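Q: What follows is run_35.cif, made up of mmCIF, C-alpha atoms and all ligand atoms:
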```cif
data_query
loop_
_atom_site.group_PDB
_atom_site.id
_atom_site.type_symbol
_atom_site.label_atom_id
_atom_site.label_comp_id
_atom_site.auth_asym_id
_atom_site.auth_seq_id
_atom_site.Cartn_x
_atom_site.Cartn_y
_atom_site.Cartn_z
ATOM 1 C CA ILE A 1 189.129 95.793 -12.841
ATOM 2 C CA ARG A 2 191.838 96.915 -15.264
ATOM 3 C CA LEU A 3 190.338 98.504 -18.373
ATOM 4 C CA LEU A 4 191.369 100.380 -21.525
ATOM 5 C CA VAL A 5 189.274 102.429 -23.943
ATOM 6 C CA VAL A 6 189.996 102.794 -27.676
ATOM 7 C CA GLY A 7 188.296 104.262 -30.749
ATOM 8 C CA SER A 8 188.612 107.318 -32.991
ATOM 9 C CA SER A 9 187.486 110.836 -32.217
ATOM 10 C CA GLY A 10 183.938 111.871 -32.489
ATOM 11 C CA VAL A 11 183.077 110.565 -29.011
ATOM 12 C CA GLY A 12 184.498 108.279 -26.314
ATOM 13 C CA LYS A 13 186.199 107.540 -22.974
ATOM 14 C CA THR A 14 186.403 111.140 -21.698
ATOM 15 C CA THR A 15 182.635 111.480 -21.404
ATOM 16 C CA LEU A 16 182.310 107.730 -20.701
ATOM 17 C CA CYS A 17 184.233 107.573 -17.428
ATOM 18 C CA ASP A 18 183.268 111.168 -16.727
ATOM 19 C CA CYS A 19 180.164 109.265 -15.612
ATOM 20 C CA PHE A 20 182.414 106.888 -13.679
ATOM 21 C CA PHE A 21 181.941 109.435 -10.936
ATOM 22 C CA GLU A 22 179.206 106.950 -10.050
ATOM 23 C CA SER A 23 181.462 103.910 -10.432
ATOM 24 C CA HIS A 24 184.816 104.579 -8.747
ATOM 25 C CA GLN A 25 186.466 104.775 -5.319
ATOM 26 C CA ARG A 26 184.147 95.746 -2.072
ATOM 27 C CA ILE A 27 184.764 95.437 -5.823
ATOM 28 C CA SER A 28 187.570 97.559 -7.289
ATOM 29 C CA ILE A 29 188.220 99.235 -10.656
ATOM 30 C CA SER A 30 190.942 100.956 -12.721
ATOM 31 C CA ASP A 31 190.749 102.692 -16.124
ATOM 32 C CA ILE A 32 193.466 104.111 -18.404
ATOM 33 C CA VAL A 33 193.782 105.350 -22.011
ATOM 34 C CA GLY A 34 196.145 103.443 -24.328
ATOM 35 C CA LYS A 35 197.799 106.091 -26.536
ATOM 36 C CA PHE A 36 207.113 104.484 -21.726
ATOM 37 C CA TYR A 37 208.607 101.108 -22.660
ATOM 38 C CA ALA A 38 207.807 100.072 -19.098
ATOM 39 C CA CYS A 39 204.531 102.016 -19.124
ATOM 40 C CA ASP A 40 203.661 100.008 -22.233
ATOM 41 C CA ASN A 41 203.490 96.952 -19.959
ATOM 42 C CA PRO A 42 200.337 98.032 -18.059
ATOM 43 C CA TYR A 43 198.903 98.580 -21.547
ATOM 44 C CA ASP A 44 198.485 94.794 -21.779
ATOM 45 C CA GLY A 45 197.462 94.346 -18.135
ATOM 46 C CA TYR A 46 193.805 94.713 -19.101
ATOM 47 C CA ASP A 47 190.874 92.416 -18.387
ATOM 48 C CA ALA A 48 189.610 93.790 -21.703
ATOM 49 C CA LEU A 49 186.348 98.097 -24.941
ATOM 50 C CA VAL A 50 186.558 99.452 -28.486
ATOM 51 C CA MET A 51 183.758 101.924 -29.196
ATOM 52 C CA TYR A 52 182.350 103.695 -32.243
ATOM 53 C CA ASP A 53 179.767 106.335 -33.160
ATOM 54 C CA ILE A 54 176.361 105.176 -34.387
ATOM 55 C CA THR A 55 176.109 108.539 -36.149
ATOM 56 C CA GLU A 56 179.540 108.326 -37.759
ATOM 57 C CA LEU A 57 179.781 105.405 -40.167
ATOM 58 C CA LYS A 58 183.500 106.120 -40.464
ATOM 59 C CA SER A 59 184.056 105.366 -36.760
ATOM 60 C CA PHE A 60 182.547 101.895 -37.241
ATOM 61 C CA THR A 61 184.353 101.242 -40.519
ATOM 62 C CA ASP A 62 187.538 102.175 -38.652
ATOM 63 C CA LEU A 63 186.664 99.822 -35.813
ATOM 64 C CA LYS A 64 186.549 97.119 -38.486
ATOM 65 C CA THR A 65 189.857 98.348 -39.959
ATOM 66 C CA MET A 66 192.125 100.659 -37.936
ATOM 67 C CA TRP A 67 191.456 99.576 -34.345
ATOM 68 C CA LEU A 68 191.084 95.777 -34.269
ATOM 69 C CA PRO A 69 194.320 94.092 -35.511
ATOM 70 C CA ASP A 70 196.340 95.576 -32.614
ATOM 71 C CA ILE A 71 193.746 94.475 -30.063
ATOM 72 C CA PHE A 72 193.633 90.928 -31.490
ATOM 73 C CA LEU A 73 197.374 90.505 -32.031
ATOM 74 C CA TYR A 74 198.966 91.783 -28.826
ATOM 75 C CA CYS A 75 196.319 90.748 -26.317
ATOM 76 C CA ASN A 76 197.305 87.535 -24.589
ATOM 77 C CA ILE A 77 194.923 84.557 -24.603
ATOM 78 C CA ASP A 78 193.383 86.261 -21.586
ATOM 79 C CA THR A 79 190.983 89.225 -21.362
ATOM 80 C CA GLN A 80 188.127 89.543 -23.862
ATOM 81 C CA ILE A 81 186.910 92.123 -26.364
ATOM 82 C CA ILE A 82 183.849 94.326 -25.935
ATOM 83 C CA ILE A 83 182.442 96.423 -28.807
ATOM 84 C CA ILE A 84 180.402 99.491 -27.848
ATOM 85 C CA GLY A 85 178.023 101.684 -29.794
ATOM 86 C CA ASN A 86 177.847 105.017 -27.974
ATOM 87 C CA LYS A 87 175.093 107.646 -28.308
ATOM 88 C CA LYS A 88 171.821 105.693 -28.819
ATOM 89 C CA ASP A 89 170.184 108.755 -27.290
ATOM 90 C CA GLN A 90 170.845 109.736 -30.883
ATOM 91 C CA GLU A 91 168.927 106.670 -32.164
ATOM 92 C CA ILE A 92 167.222 108.874 -34.758
ATOM 93 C CA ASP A 93 170.764 109.630 -36.000
ATOM 94 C CA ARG A 94 171.818 105.994 -36.292
ATOM 95 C CA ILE A 95 173.291 105.439 -39.728
ATOM 96 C CA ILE A 96 174.694 102.226 -38.310
ATOM 97 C CA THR A 97 172.440 99.208 -37.915
ATOM 98 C CA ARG A 98 172.507 97.097 -34.736
ATOM 99 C CA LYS A 99 172.200 93.595 -36.203
ATOM 100 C CA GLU A 100 175.243 93.569 -38.530
ATOM 101 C CA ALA A 101 177.261 95.514 -35.973
ATOM 102 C CA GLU A 102 176.321 92.771 -33.511
ATOM 103 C CA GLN A 103 176.868 90.128 -36.205
ATOM 104 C CA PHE A 104 180.365 91.366 -36.924
ATOM 105 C CA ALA A 105 180.604 91.543 -33.132
ATOM 106 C CA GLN A 106 179.681 87.832 -33.044
ATOM 107 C CA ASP A 107 181.992 86.845 -35.893
ATOM 108 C CA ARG A 108 184.992 88.346 -34.064
ATOM 109 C CA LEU A 109 183.911 86.623 -30.831
ATOM 110 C CA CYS A 110 183.299 89.929 -29.050
ATOM 111 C CA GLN A 111 180.733 91.178 -26.534
ATOM 112 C CA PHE A 112 178.486 93.984 -27.795
ATOM 113 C CA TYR A 113 176.377 96.649 -26.074
ATOM 114 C CA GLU A 114 174.894 99.919 -27.320
ATOM 115 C CA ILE A 115 174.864 102.538 -24.584
ATOM 116 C CA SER A 116 174.218 106.206 -23.877
ATOM 117 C CA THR A 117 177.013 108.044 -22.080
ATOM 118 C CA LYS A 118 174.474 110.690 -21.014
ATOM 119 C CA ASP A 119 172.341 108.680 -18.566
ATOM 120 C CA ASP A 120 171.037 105.155 -17.948
ATOM 121 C CA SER A 121 173.263 102.727 -19.873
ATOM 122 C CA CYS A 122 176.752 103.173 -18.466
ATOM 123 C CA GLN A 123 176.603 101.856 -14.892
ATOM 124 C CA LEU A 124 174.340 99.041 -16.141
ATOM 125 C CA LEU A 125 176.996 97.928 -18.649
ATOM 126 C CA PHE A 126 179.747 98.271 -16.063
ATOM 127 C CA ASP A 127 177.598 96.322 -13.599
ATOM 128 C CA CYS A 128 177.263 93.505 -16.117
ATOM 129 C CA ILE A 129 180.981 92.971 -16.618
ATOM 130 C CA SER A 130 181.594 93.304 -12.880
ATOM 131 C CA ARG A 131 179.200 90.427 -12.400
ATOM 132 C CA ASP A 132 180.867 88.336 -15.096
ATOM 133 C CA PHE A 133 184.109 88.854 -13.208
ATOM 134 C CA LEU A 134 182.777 87.229 -10.020
ATOM 135 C CA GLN A 135 180.408 84.956 -11.959
ATOM 136 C CA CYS A 136 183.576 83.627 -13.531
ATOM 137 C CA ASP A 137 187.295 84.420 -13.798
ATOM 138 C CA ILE A 138 187.564 84.586 -17.589
ATOM 139 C CA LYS A 139 187.097 82.343 -20.629
ATOM 140 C CA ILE A 140 189.078 79.460 -22.101
ATOM 141 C CA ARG A 141 188.424 79.006 -25.817
ATOM 142 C CA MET A 142 188.331 75.392 -26.986
ATOM 143 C CA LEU A 143 187.713 74.104 -30.521
ATOM 144 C CA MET A 144 185.757 71.010 -31.562
ATOM 145 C CA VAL A 145 185.806 69.287 -34.978
ATOM 146 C CA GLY A 146 182.752 70.264 -37.009
ATOM 147 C CA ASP A 147 182.135 67.205 -39.172
ATOM 148 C CA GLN A 148 178.464 66.525 -39.864
ATOM 149 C CA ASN A 149 177.000 63.971 -37.426
ATOM 150 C CA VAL A 150 178.449 63.703 -33.936
ATOM 151 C CA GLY A 151 179.090 67.307 -32.890
ATOM 152 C CA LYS A 152 175.543 68.242 -31.840
ATOM 153 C CA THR A 153 175.305 65.093 -29.724
ATOM 154 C CA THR A 154 178.569 66.024 -28.009
ATOM 155 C CA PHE A 155 177.373 69.634 -27.469
ATOM 156 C CA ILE A 156 173.971 68.792 -25.929
ATOM 157 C CA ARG A 157 175.586 69.203 -22.447
ATOM 158 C CA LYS A 158 175.882 73.007 -22.796
ATOM 159 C CA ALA A 159 171.208 74.563 -23.931
ATOM 160 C CA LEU A 160 170.990 72.927 -27.352
ATOM 161 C CA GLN A 161 171.846 74.505 -30.665
ATOM 162 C CA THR A 162 169.455 75.834 -35.741
ATOM 163 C CA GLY A 163 170.782 78.649 -33.601
ATOM 164 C CA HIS A 164 173.793 79.765 -35.608
ATOM 165 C CA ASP A 165 172.448 78.202 -38.818
ATOM 166 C CA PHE A 166 176.084 78.205 -39.946
ATOM 167 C CA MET A 167 178.609 78.467 -37.055
ATOM 168 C CA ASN A 168 177.973 77.411 -33.433
ATOM 169 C CA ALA A 169 179.758 79.499 -30.720
ATOM 170 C CA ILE A 170 178.685 77.508 -27.615
ATOM 171 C CA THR A 171 179.149 78.406 -23.904
ATOM 172 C CA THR A 172 179.581 76.150 -20.851
ATOM 173 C CA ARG A 173 180.727 77.269 -17.394
ATOM 174 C CA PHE A 174 181.161 74.740 -14.586
ATOM 175 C CA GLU A 175 184.016 74.040 -12.148
ATOM 176 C CA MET A 176 185.348 73.381 -8.657
ATOM 177 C CA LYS A 177 185.777 76.295 -6.464
ATOM 178 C CA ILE A 178 187.373 78.761 -8.892
ATOM 179 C CA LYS A 179 184.407 78.649 -11.320
ATOM 180 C CA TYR A 180 185.960 79.294 -14.747
ATOM 181 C CA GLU A 181 184.344 79.537 -18.237
ATOM 182 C CA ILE A 182 184.830 77.364 -21.344
ATOM 183 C CA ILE A 183 183.671 78.315 -24.852
ATOM 184 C CA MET A 184 183.299 75.561 -27.457
ATOM 185 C CA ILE A 185 183.740 76.419 -31.141
ATOM 186 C CA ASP A 186 183.182 74.403 -34.319
ATOM 187 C CA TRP A 187 185.320 73.773 -37.399
ATOM 188 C CA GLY A 188 182.919 75.826 -39.484
ATOM 189 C CA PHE A 189 183.541 78.992 -37.464
ATOM 190 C CA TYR A 190 187.350 78.757 -37.406
ATOM 191 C CA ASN A 191 187.967 79.237 -41.127
ATOM 192 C CA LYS A 192 185.145 81.779 -40.926
ATOM 193 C CA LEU A 193 187.228 83.494 -38.245
ATOM 194 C CA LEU A 194 190.416 83.475 -40.331
ATOM 195 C CA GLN A 195 188.962 85.880 -42.915
ATOM 196 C CA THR A 196 188.115 88.153 -39.997
ATOM 197 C CA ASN A 197 191.102 87.443 -37.744
ATOM 198 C CA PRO A 198 193.770 84.997 -39.017
ATOM 199 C CA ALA A 199 195.435 82.874 -36.305
ATOM 200 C CA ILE A 200 192.860 83.195 -33.524
ATOM 201 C CA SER A 201 194.244 79.861 -32.296
ATOM 202 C CA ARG A 202 196.436 82.011 -30.088
ATOM 203 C CA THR A 203 193.186 82.215 -28.135
ATOM 204 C CA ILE A 204 192.556 78.469 -28.571
ATOM 205 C CA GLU A 205 193.956 76.038 -26.002
ATOM 206 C CA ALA A 206 192.152 72.697 -26.116
ATOM 207 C CA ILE A 207 191.502 70.845 -29.378
ATOM 208 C CA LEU A 208 188.655 68.323 -29.491
ATOM 209 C CA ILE A 209 188.147 66.083 -32.511
ATOM 210 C CA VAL A 210 185.229 63.652 -32.555
ATOM 211 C CA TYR A 211 184.662 60.569 -34.681
ATOM 212 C CA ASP A 212 182.479 57.476 -35.094
ATOM 213 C CA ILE A 213 183.749 54.719 -37.391
ATOM 214 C CA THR A 214 185.409 55.918 -40.635
ATOM 215 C CA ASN A 215 187.574 59.082 -40.608
ATOM 216 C CA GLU A 216 191.140 59.825 -41.761
ATOM 217 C CA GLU A 217 191.709 62.956 -39.621
ATOM 218 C CA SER A 218 194.662 63.777 -41.909
ATOM 219 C CA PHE A 219 193.542 67.029 -43.546
ATOM 220 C CA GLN A 220 191.868 68.604 -40.514
ATOM 221 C CA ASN A 221 195.032 67.868 -38.523
ATOM 222 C CA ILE A 222 197.647 69.182 -40.952
ATOM 223 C CA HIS A 223 195.615 72.333 -41.637
ATOM 224 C CA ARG A 224 195.435 72.669 -37.855
ATOM 225 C CA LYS A 225 199.161 71.923 -37.644
ATOM 226 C CA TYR A 226 199.870 75.590 -38.351
ATOM 227 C CA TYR A 227 198.545 77.900 -35.626
ATOM 228 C CA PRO A 228 198.762 75.054 -32.964
ATOM 229 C CA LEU A 229 201.772 72.978 -31.828
ATOM 230 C CA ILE A 230 201.279 74.558 -28.443
ATOM 231 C CA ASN A 231 197.662 73.753 -27.622
ATOM 232 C CA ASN A 232 196.201 70.750 -25.780
ATOM 233 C CA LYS A 233 194.397 67.799 -27.354
ATOM 234 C CA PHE A 234 191.846 64.998 -27.317
ATOM 235 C CA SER A 235 190.276 62.708 -29.886
ATOM 236 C CA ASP A 236 186.883 61.264 -29.023
ATOM 237 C CA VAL A 237 184.767 58.372 -30.284
ATOM 238 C CA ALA A 238 181.032 58.752 -30.912
ATOM 239 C CA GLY A 239 177.958 57.070 -32.357
ATOM 240 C CA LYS A 240 182.988 47.865 -37.268
ATOM 241 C CA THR A 241 184.457 50.260 -34.687
ATOM 242 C CA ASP A 242 185.564 50.968 -31.073
ATOM 243 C CA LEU A 243 188.928 49.348 -31.742
ATOM 244 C CA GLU A 244 191.511 51.323 -29.751
ATOM 245 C CA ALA A 245 194.623 50.118 -31.598
ATOM 246 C CA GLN A 246 194.091 52.171 -34.768
ATOM 247 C CA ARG A 247 192.839 55.020 -32.589
ATOM 248 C CA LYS A 248 196.182 55.575 -30.854
ATOM 249 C CA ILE A 249 198.143 55.630 -34.135
ATOM 250 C CA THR A 250 196.615 59.001 -35.069
ATOM 251 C CA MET A 251 196.324 59.704 -31.361
ATOM 252 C CA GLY A 252 200.084 59.151 -31.078
ATOM 253 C CA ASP A 253 199.904 62.919 -31.567
ATOM 254 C CA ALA A 254 197.371 63.252 -28.710
ATOM 255 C CA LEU A 255 195.328 61.401 -26.113
ATOM 256 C CA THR A 256 192.131 59.591 -27.102
ATOM 257 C CA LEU A 257 188.837 58.551 -25.543
ATOM 258 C CA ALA A 258 185.866 56.389 -26.555
ATOM 259 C CA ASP A 259 182.171 56.606 -25.651
ATOM 260 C CA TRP A 260 178.639 56.961 -27.043
ATOM 261 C CA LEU A 261 175.276 58.727 -26.659
ATOM 262 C CA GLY A 262 174.311 59.591 -23.081
ATOM 263 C CA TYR A 263 176.883 57.413 -21.355
ATOM 264 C CA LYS A 264 178.844 60.645 -21.768
ATOM 265 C CA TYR A 265 177.428 62.018 -18.463
ATOM 266 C CA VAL A 266 180.794 60.999 -17.122
ATOM 267 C CA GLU A 267 182.925 61.045 -20.329
ATOM 268 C CA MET A 268 181.998 64.644 -21.156
ATOM 269 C CA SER A 269 182.457 65.618 -17.520
ATOM 270 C CA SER A 270 185.534 63.383 -17.528
ATOM 271 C CA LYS A 271 187.209 64.572 -20.699
ATOM 272 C CA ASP A 272 186.589 68.307 -20.731
ATOM 273 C CA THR A 273 187.242 69.038 -17.053
ATOM 274 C CA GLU A 274 190.311 66.828 -17.325
ATOM 275 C CA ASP A 275 192.200 68.866 -19.908
ATOM 276 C CA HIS A 276 190.427 72.008 -18.776
ATOM 277 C CA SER A 277 191.836 71.628 -15.279
ATOM 278 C CA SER A 278 195.332 71.213 -16.691
ATOM 279 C CA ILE A 279 194.865 74.526 -18.515
ATOM 280 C CA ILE A 280 194.698 76.077 -15.049
ATOM 281 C CA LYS A 281 197.539 74.070 -13.510
ATOM 282 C CA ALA A 282 199.848 72.868 -16.322
ATOM 283 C CA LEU A 283 200.902 76.272 -17.645
ATOM 284 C CA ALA A 284 200.788 79.046 -15.043
ATOM 285 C CA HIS A 285 203.282 81.631 -13.767
HETATM 286 N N1 LIG A 301 175.085 112.871 -28.116
HETATM 287 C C1 LIG A 301 176.033 112.302 -27.377
HETATM 288 N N2 LIG A 301 177.311 112.816 -27.389
HETATM 289 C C2 LIG A 301 178.282 112.246 -26.643
HETATM 290 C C3 LIG A 301 178.001 111.137 -25.857
HETATM 291 N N3 LIG A 301 179.146 110.791 -25.234
HETATM 292 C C4 LIG A 301 180.132 111.645 -25.607
HETATM 293 N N4 LIG A 301 179.608 112.565 -26.478
HETATM 294 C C5 LIG A 301 180.270 113.695 -27.174
HETATM 295 O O1 LIG A 301 181.558 113.407 -27.670
HETATM 296 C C6 LIG A 301 182.173 114.647 -27.967
HETATM 297 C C7 LIG A 301 183.696 114.566 -27.944
HETATM 298 O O2 LIG A 301 184.183 113.248 -27.784
HETATM 299 P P1 LIG A 301 184.778 112.829 -26.349
HETATM 300 O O3 LIG A 301 183.634 112.748 -25.374
HETATM 301 O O4 LIG A 301 185.772 113.869 -25.907
HETATM 302 O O5 LIG A 301 185.446 111.366 -26.494
HETATM 303 P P2 LIG A 301 186.981 111.030 -26.110
HETATM 304 O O6 LIG A 301 187.089 109.762 -25.303
HETATM 305 O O7 LIG A 301 187.675 112.144 -25.382
HETATM 306 O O8 LIG A 301 187.712 110.806 -27.515
HETATM 307 P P3 LIG A 301 187.934 112.040 -28.512
HETATM 308 O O9 LIG A 301 186.781 112.080 -29.482
HETATM 309 O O10 LIG A 301 189.252 111.851 -29.214
HETATM 310 O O11 LIG A 301 187.967 113.340 -27.751
HETATM 311 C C8 LIG A 301 181.626 115.643 -26.949
HETATM 312 O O12 LIG A 301 181.161 116.807 -27.589
HETATM 313 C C9 LIG A 301 180.493 114.898 -26.268
HETATM 314 O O13 LIG A 301 179.324 115.665 -26.149
HETATM 315 C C10 LIG A 301 176.709 110.614 -25.843
HETATM 316 O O14 LIG A 301 176.429 109.632 -25.159
HETATM 317 N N5 LIG A 301 175.725 111.201 -26.607
#
```
Since I need it in another form, could you write the structure as structure tokens?
A:
Amino acid sequence: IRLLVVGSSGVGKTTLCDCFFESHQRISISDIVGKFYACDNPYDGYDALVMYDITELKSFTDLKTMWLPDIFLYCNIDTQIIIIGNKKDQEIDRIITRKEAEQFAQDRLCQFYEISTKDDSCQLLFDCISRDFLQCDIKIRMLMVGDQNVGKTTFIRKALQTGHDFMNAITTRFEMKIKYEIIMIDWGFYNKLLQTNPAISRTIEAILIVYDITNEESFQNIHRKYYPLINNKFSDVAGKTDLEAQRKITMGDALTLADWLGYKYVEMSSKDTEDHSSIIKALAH
């Protein structure tokens, strides 16, 4: 219900929530523009919207440059980022393609919608996010080791992904009755994120690393020893193995678990929701 609108000047918020005449006053709302040291506190009190012109290429290029680092850096693990093409009633005037705008919307882990401030659009978009507020609280971003074999098998419990021929970005929301949302990521998409936004692990809480029989886990750990050391952790077994003594030597850093195939009906549901639940309870204030 607490929102902030950013973006350069050819178009924007003024006209945008000028149509919030419709949505304003059940379900509540508040909207402010970003630009006192105490009044800089409600700045970060958002639940989330950086826009750009489809006509002005410069607005988009400055969404990719001028706007984003602030929004990524200061925002707490909470909220979420929505990227909005305005106009679209101007669609003849689009100099800015939808698929790479949405692709660079995907690669930053942001939601993306092209609207028209004039009519339609608007209230629809608003409606959507309103729903995703009572559909779920917000998201927890978890990462899962992306080595070749076992990942897909672990992820089958999402909706199977092929999709993302390079980097996964998977969604699962289940709980009990606060109904929260958990997003699984893969090791491929993390280093692919770091060229876009370095240290997005500020948004990452749980760390899952899977395994079958032979793996050192050294490299992946020590390269993940940087942005983490807050986190949360589990090592998993998948598939001369299933010996738990040499599991807990690397797991001396973490907690570990062992299972296989579709016996995971519990293990999945056991492991995830375990650490997940702690994310709610363990650190809160
Ligand atoms: N064609 C078209 N123009 C729009 C739309 N929404 C806003 N505008 C135009 O945007 C122009 C000025 O931008 P503003 O609406 O004031 O956006 P802002 O949030 O105040 O940000 P600034 O650009 O700094 O003023 C106005 O002339 C509006 O007509 C839209 O959906 N379609």
Q: Which residues are near ligand LIG 301 (chain A) in this structure, taking near to mean any atom at most 9 Å from a ligand atom and counting only C-alpha atoms and all ligand atoms? Format them as a list in words.
A: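 The neighbouring residues of ligand LIG 301 (chain A) are, in order, residues 5, 6, 7, 8, 9, 10, 11, 12, 13, 14, 15, 16, 17, 18, 33, 53, 86, 87, 88, 89, 90, 115, 116, 117, 118 and 119 of chain A.
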Q: Pick out the residues sitting within 7 Å of residue 96 (chain A), and hand them over as a list in words; count all atoms listed in the file, and ignore anything fewer than 2 positions along from it in its own chain.
A: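 After dropping sequence-adjacent residues, the list is residues 54, 55, 57, 94 and 98 of chain A.
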Q: Determine, counting all atoms listed in the file, which protein, DNA and RNA residues have an atom within 10 Å of an atom of residue 73 (chain A); residues of the same chain fewer than 2 positions away are not included. Present the result as number ranges by chain.
A: A: 68-71, 75-77, 197-200, 202
Q: With C-alpha atoms retained, write the just-selected residues as a short mmCIF file (atom, residue, chain, number, x, y, z; two decimals), keeping the file's coordinate frame.
A:
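Saved result, part_24.cif, follows:
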```
data_model
loop_
_atom_site.label_atom_id
_atom_site.label_comp_id
_atom_site.auth_asym_id
_atom_site.auth_seq_id
_atom_site.Cartn_x
_atom_site.Cartn_y
_atom_site.Cartn_z
CA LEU A 68 191.08 95.78 -34.27
CA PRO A 69 194.32 94.09 -35.51
CA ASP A 70 196.34 95.58 -32.61
CA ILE A 71 193.75 94.48 -30.06
CA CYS A 75 196.32 90.75 -26.32
CA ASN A 76 197.30 87.54 -24.59
CA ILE A 77 194.92 84.56 -24.60
CA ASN A 197 191.10 87.44 -37.74
CA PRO A 198 193.77 85.00 -39.02
CA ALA A 199 195.44 82.87 -36.30
CA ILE A 200 192.86 83.20 -33.52
CA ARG A 202 196.44 82.01 -30.09
#
```
Q: Identify which of the residues A:181, A:47, A:274, A:236 lies closest to residue 151 (chain A), counting all atoms listed in the file when measuring atom-to-atom distances.
A: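 Residue with the minimum atom-to-atom distance to residue 151 (chain A): A:236.
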Q: Could you tell me how far CA of residue 269 (chain A) sits from CA of residue 129 (chain A), in Å to one decimal place?
A: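 One can read the CA of residue 129 (chain A) to CA of residue 269 (chain A) distance as 27.4 Å.
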Q: Writing N, CA, C and O atoms and nothing else, produce region 200-214 of chain A as a short mmCIF file (atom, residue, chain, number, x, y, z; two decimals), in the first residue's frame.
A:
```cif
data_model
loop_
_atom_site.label_atom_id
_atom_site.label_comp_id
_atom_site.auth_asym_id
_atom_site.auth_seq_id
_atom_site.Cartn_x
_atom_site.Cartn_y
_atom_site.Cartn_z
N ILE A 200 23.59 -9.11 -5.17
CA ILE A 200 22.14 -9.21 -5.03
C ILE A 200 21.83 -10.21 -3.92
O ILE A 200 20.67 -10.45 -3.59
N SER A 201 22.88 -10.79 -3.33
CA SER A 201 22.72 -11.72 -2.21
C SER A 201 22.20 -11.02 -0.97
O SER A 201 21.85 -11.68 0.01
N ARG A 202 22.16 -9.70 -1.01
CA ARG A 202 21.47 -8.93 0.02
C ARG A 202 19.99 -9.26 -0.04
O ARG A 202 19.27 -9.10 0.95
N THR A 203 19.53 -9.69 -1.21
CA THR A 203 18.16 -10.15 -1.38
C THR A 203 18.04 -11.67 -1.21
O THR A 203 16.94 -12.21 -1.21
N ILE A 204 19.17 -12.35 -1.06
CA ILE A 204 19.18 -13.81 -0.91
C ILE A 204 19.32 -14.22 0.56
O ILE A 204 20.20 -13.72 1.27
N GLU A 205 18.46 -15.12 1.00
CA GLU A 205 18.43 -15.54 2.40
C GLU A 205 18.89 -16.98 2.55
O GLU A 205 19.92 -17.25 3.17
N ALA A 206 18.12 -17.91 1.99
CA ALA A 206 18.48 -19.32 2.04
C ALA A 206 19.48 -19.68 0.95
O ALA A 206 19.44 -19.13 -0.15
N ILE A 207 20.38 -20.61 1.26
CA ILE A 207 21.30 -21.16 0.27
C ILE A 207 21.13 -22.67 0.20
O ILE A 207 21.37 -23.37 1.18
N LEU A 208 20.72 -23.18 -0.96
CA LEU A 208 20.60 -24.62 -1.14
C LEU A 208 21.69 -25.13 -2.08
O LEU A 208 21.89 -24.59 -3.16
N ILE A 209 22.41 -26.17 -1.65
CA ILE A 209 23.40 -26.77 -2.54
C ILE A 209 23.20 -28.27 -2.62
O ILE A 209 23.30 -28.97 -1.62
N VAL A 210 22.92 -28.77 -3.82
CA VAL A 210 22.59 -30.18 -3.99
C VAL A 210 23.82 -30.95 -4.47
O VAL A 210 24.85 -30.35 -4.77
N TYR A 211 23.69 -32.27 -4.59
CA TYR A 211 24.85 -33.15 -4.65
C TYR A 211 24.38 -34.58 -4.82
O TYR A 211 23.25 -34.91 -4.46
N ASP A 212 25.24 -35.44 -5.36
CA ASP A 212 24.88 -36.85 -5.55
C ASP A 212 25.91 -37.77 -4.90
O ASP A 212 25.66 -38.33 -3.83
N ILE A 213 27.07 -37.89 -5.53
CA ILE A 213 28.14 -38.75 -5.03
C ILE A 213 29.49 -38.04 -4.92
O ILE A 213 30.05 -37.96 -3.83
N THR A 214 30.03 -37.56 -6.04
CA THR A 214 31.32 -36.86 -6.02
C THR A 214 31.22 -35.35 -6.28
O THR A 214 30.97 -34.92 -7.40
#
```
